[PDB]
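Just so it is clear, none of the values below were taken in a lab; they were calculated from the coordinates. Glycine gets a Cβ as well: all are built from the backbone with ideal geometry, and neighbour counts include every protein chain shown.
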Amino acid sequence: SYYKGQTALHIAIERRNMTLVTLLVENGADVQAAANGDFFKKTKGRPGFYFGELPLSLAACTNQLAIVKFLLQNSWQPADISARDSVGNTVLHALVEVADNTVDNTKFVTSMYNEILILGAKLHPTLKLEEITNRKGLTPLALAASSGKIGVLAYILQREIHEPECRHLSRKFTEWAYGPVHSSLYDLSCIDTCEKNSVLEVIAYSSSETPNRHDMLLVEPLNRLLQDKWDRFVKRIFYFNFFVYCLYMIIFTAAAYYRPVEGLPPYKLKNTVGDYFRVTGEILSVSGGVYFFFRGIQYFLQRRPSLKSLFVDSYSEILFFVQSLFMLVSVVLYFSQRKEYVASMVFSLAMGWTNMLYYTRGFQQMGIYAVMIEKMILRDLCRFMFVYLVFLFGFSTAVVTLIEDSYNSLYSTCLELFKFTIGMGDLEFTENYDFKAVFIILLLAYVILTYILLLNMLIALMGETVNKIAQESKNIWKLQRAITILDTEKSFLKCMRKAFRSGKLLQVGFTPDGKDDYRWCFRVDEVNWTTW
Amino acid sequence: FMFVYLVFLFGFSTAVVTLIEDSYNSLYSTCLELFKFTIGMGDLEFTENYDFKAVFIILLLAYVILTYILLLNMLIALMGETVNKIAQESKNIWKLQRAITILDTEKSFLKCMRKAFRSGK
Amino acid sequence: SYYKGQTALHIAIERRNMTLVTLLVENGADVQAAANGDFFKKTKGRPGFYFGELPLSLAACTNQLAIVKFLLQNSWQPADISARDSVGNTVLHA
Ligand SMILES: C=C(C)[C@]12C[C@@H](C)[C@@]34O[C@](Cc5ccccc5)(O[C@@H]1[C@@H]3C=C(COC(=O)Cc1ccc(O)c(OC)c1)C[C@]1(O)C(=O)C(C)=C[C@@H]41)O2
């Protein structure tokens, strides 16, 4: 369990003993066998350090490049690089999981990663090690993208090896240096329409736990790729969707405004042009409601977000789904001869208009207002509700109790006190209650405590949030644009087929196996003239 | 911010007018009353006995909390940011404005340019 | 169009080859002629780097002062400083 498979070779490794590892692997110890334990497993419930399961993986993670280079080439018992553990981390994946974005750690892990890839290329030209998906089903590229490791991902995105024998693994090819512009040719390997965990998907679909999601899309290839996707086809599809939604909301508003007032539903169709227009508008409205219901169900089934992180990452989808629910309840009440249907429909009307702020996320300068509204409704107001309600209820019950012998009921007292809290009430002291002085004291304390002291506290916190997320306009709207691009591409399969997302699918080299490979790529010209 | 506010105003105005068709009589007056709410200048009464009174109260309270407490203060925070940003750079701003007015004054009256003696010698 | 007027003298320039420019301008290449292309023009719709049109302008913009000093004084074919391109940038303007 704890000490399952661990031997003196690991202890020599972690202590940096050059000769002990050589002696042990000369003795014939089977480095294929893996050591696992509670301390090794990535469990928060127990203390431990994760270094994979393969002993070669531990040697690599523990900063020993010559030692692992010998282990691999040790004729007595070479270690297999392609070993995949039950936990689901390969040696390369183990290195990815070790990294913590630090500059020195970035340099260390990148150097050892490049060295180990070169060694593997020397070892097994026939096999490509990178693409083998690990136990969880995501390759080291996808794992680095999803986990948050910007340092490990940046190099892999612009992984260029100047050795002419390693050109079949380099990701970035420098086409020429005609000037400060340096033409590029990335591999776009499994970035778009590839597999379960594409790089863009894991970057964007992530549950926001990752700590540097915004900075990931600043890498050299991702920015150009997303901008190309936006300009090519996505932009006009989004604008068409916005226009169709505006028409839908206008039709819904016109249909609901001119609803019949005499009788109970359903309402018999009368022979008039206006009646035909009204009924067709109602049919279109209900059709849109059904569409949004099904799109919400499809989204929730696809992503299946966790209950805790449901609202944080799916605010707009939640709101569209709730609007669809309201309209469906309205139609259900319509055919049950209940006049209450209207009361539901208006909630789907008022809501339907405000949901249009979703589309402001498709513009740069106007896109932050939706973000601010979402954050100020989920973070500040939500948890200030609890702080306010103890005050409201305490003083409401106290006032009602004091004068039992507009403040007659508990509902009206709560409403009047809430009006006081927003500076919208009248202090009169006109009626001759019992204990008038105590009533005046209670109301003045409430007004000073909630109107002057708590309301302004809430406003200060809201201003802090607005201030904080108003600096980061570029990052915020870039991420929102990326998410909408992903959703637009994924919604219409024919759209993905006709996207021409990649620049081209050309074979720009010959593999050491002897067969030239056709790889996807796109141009990325970057200007750097100061460095000459 | 006009665009962000008008969706709220129109959505809740149309909703309120639709809800009680059977001061909130017309669409113009409903829009005006809701705008007055947005600037803390309206009266919550709930005195007339409408249909669906609870839903009407819920709609108005949501509107007041969303626009008077949440959007208006957002606008005020952004305005304060702008004021703060262009209140540090007093010297540069007024220097540029003085330069522009000098140019326009010199260019307006040709005799003024002739008699300017702009150059030292 | 793209490769209109560009010759090996420019390629020696941008790579910082001291001797290649001397050889080319000893060969009698007419440095009066200007090279223009889509990459050279200051167009946002296309990628490119602007360095004027005159080859001397490119030599100057590409950080080569002794080389241009010789081009100007090269008795075989001195470059004219006062050359004005159709785009509208002089060497100084470049
Ligand atoms: C998150 C949820 C469920 C929510 C659903 C409704 C009831 C909502 O009240 C809240 C709670 C609330 C109530 C009153 C004041 C503030 C907040 O906030 C929103 C929700 C809060 C909004 C605010 O409008 C928006 O957020 C638009 C919007 C912003 C950003 C988006 O990404 C977006 O995509 C859809 C939409 C308006 C209402 O949806 C609306 O139109 C009505 C009548 C009630 C508002 O519950």
Checklist outcome for this item: Among helices (runs of 4 or more DSSP H) entirely inside the range A:264-370, those with 1 or more residues being away from chain B (no Cβ under 14 Å) and within 16 Å of the ligand (Cβ to nearest atom) are A:273-303, A:310-313, A:315-334
Item to check | Among the residues listed as A:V234, A:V279, the single one being surrounded by 14 or more Cβ atoms within 10 Å (Cβ to Cβ) and under 22 Å from the mean Cα position of the chain (by Cα) | outcome: A:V234
Item to check | Residue pairs meeting the criteria (Cβ under 7 Å; at least 6 apart or on separate chains; first farther than 20 Å from B:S13 by Cβ, in the range A:335-358; second more than 8 Å from the ligand (Cβ to nearest atom) and part of a helix (DSSP H, G or I)) | outcome: A:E340/A:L333; A:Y341/A:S330; A:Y341/A:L333; A:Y341/A:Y334
Next on the checklist: Just to be sure before I move on: is A:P78 part of a loop (DSSP other than H, G, I, E, B), under 20 Å from A:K128 (Cβ atoms) and not polar (S, T, N, Q) in the structure I sent?
Outcome noted: yes
Checklist entry - What residue, among those in the range B:47-56 that are of a type in the set (F, W, Y) and not in a helix (DSSP H, G or I), is nearest to the other protein chains (Cβ to nearest Cβ)? => result B:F52
Checklist entry - A:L392 is checked against (1) out of contact with any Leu (no Cβ under 7 Å at 6 or more places or on another chain); (2) closer than 30 Å to B:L60 by Cα; (3) within 14 Å of chain B (Cβ to nearest Cβ) and fails just one. What number does that condition carry? => result (1)
Item to check | Residues that are in a loop (DSSP other than H, G, I, E, B) and within 11 Å of chain A (Cβ to nearest Cβ), drawn from the range B:1-46 | outcome: B:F1, B:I20, B:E21, B:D22, B:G40, B:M41, B:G42, B:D43, B:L44, B:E45, B:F46
Next on the checklist: So in the range A:197-231, with the set limited to residues that are more than 16 Å from the chain's Cα centre (by Cα) and not hydrophobic (A, V, I, L, M, F, W, C), which one is surrounded by the most Cβ atoms within 10 Å (Cβ to Cβ)?
Outcome noted: A:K229
Checklist outcome for this item: The residue from B:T38, B:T47, B:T82, B:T67 that alone is more than 12 Å from the ligand (Cβ to nearest atom), surrounded by 13 or more Cβ atoms within 10 Å (Cβ to Cβ) and hydroxyl-bearing (S, T, Y) is B:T38
Checklist outcome for this item: Exactly one of A:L185, A:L129 is surrounded by 16 or more Cβ atoms within 10 Å (Cβ to Cβ) and either outside any loop (DSSP other than H, G, I, E, B) or touching a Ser or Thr at 6+ places or on another chain (Cβ under 7 Å) (or both), and that residue is A:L129
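So that you can scan it fast, the table gives a plain yes or no per residue for (1) of a type in the set (F, W, Y); (2) within 14 Å of chain B (Cβ to nearest Cβ); (3) within 22 Å of the chain's Cα centre (by Cα):
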site: A:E464; (1), (2), (3): no, yes, no
site: A:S502; (1), (2), (3): no, no, no
site: A:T511; (1), (2), (3): no, no, no
site: A:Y518; (1), (2), (3): yes, no, no
site: A:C521; (1), (2), (3): no, no, no
Checklist entry - Got a sec? Which of A:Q364, A:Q337 is surrounded by fewer than 18 Cβ atoms within 10 Å (Cβ to Cβ) and under 21 Å from the mean Cα position of the chain (by Cα)? => result A:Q364
Item to check | Odd one out for A:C190 among (1) in contact with a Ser or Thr (Cβ under 8 Å, 6 or more places away or on another chain); (2) of a type outside the set (V, I, T); (3) part of a helix (DSSP H, G or I) | outcome: (3)
Checklist entry - In the range B:77-88, what residues are more than 8 Å from chain A (Cβ to nearest Cβ) and of a type outside the set (G, A, S)? => result B:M79, B:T82, B:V83, B:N84, B:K85, B:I86, B:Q88
Checklist entry - Is it the case that the range A:171-179 has a residue that's closer than 26 Å to A:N223 by Cα, hydrophobic (A, V, I, L, M, F, W, C) and within 14 Å of chain C (Cβ to nearest Cβ)? => result yes
Next on the checklist: Being hydrophobic (A, V, I, L, M, F, W, C) and more than 25 Å from the chain's Cα centre (by Cα) is true for just one of A:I156, A:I191, A:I116, A:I150. Which residue is that?
Outcome noted: A:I116
Checklist outcome for this item: Residue pairs qualifying under the 9 Å Cβ cut-off, at least six apart or on distinct chains, with the first in the range C:22-42 being within 16 Å of C:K4 (Cβ to Cβ) and the second being charged (D, E, K, R) and buried (at least 18 other Cβ atoms within 10 Å of the Cβ), are C:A34/C:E53; C:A35/C:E53; C:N36/C:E53; C:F40/C:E53
Item to check | Hey, B:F117 in a loop (DSSP other than H, G, I, E, B), more than 16 Å from the ligand (Cβ to nearest atom) and more than 9 Å from every other protein chain (Cβ to nearest Cβ) or not | outcome: yes
Item to check | Failed item, numbered, when B:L59 is tested on (1) part of a helix (DSSP H, G or I); (2) more than 10 Å from chain A (Cβ to nearest Cβ) | outcome: (2)
Checklist entry - Restricting the search to the range A:371-389, which residues are facing chain B (nearest Cβ under 9 Å) and within 8 Å of the ligand (Cβ to nearest atom)? => result A:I373, A:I377, A:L381
Checklist entry - Which members of the range C:39-86 meet the condition of being within 18 Å of A:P180 (Cα to Cα) and in contact with a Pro (Cβ under 9 Å, 6 or more places away or on another chain)? => result C:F39, C:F49
Checklist entry - Hey, among the residues in the range A:466-480 that are surrounded by fewer than 16 Cβ atoms within 10 Å (Cβ to Cβ) and more than 14 Å from chain B (Cβ to nearest Cβ), which one's nearest to A:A204 (Cα to Cα)? => result A:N475
Checklist entry - Is it fair to say A:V399 is in a helix (DSSP H, G or I), of a type outside the set (D, E, K, R) and away from every other protein chain (no Cβ under 12 Å)? => result yes
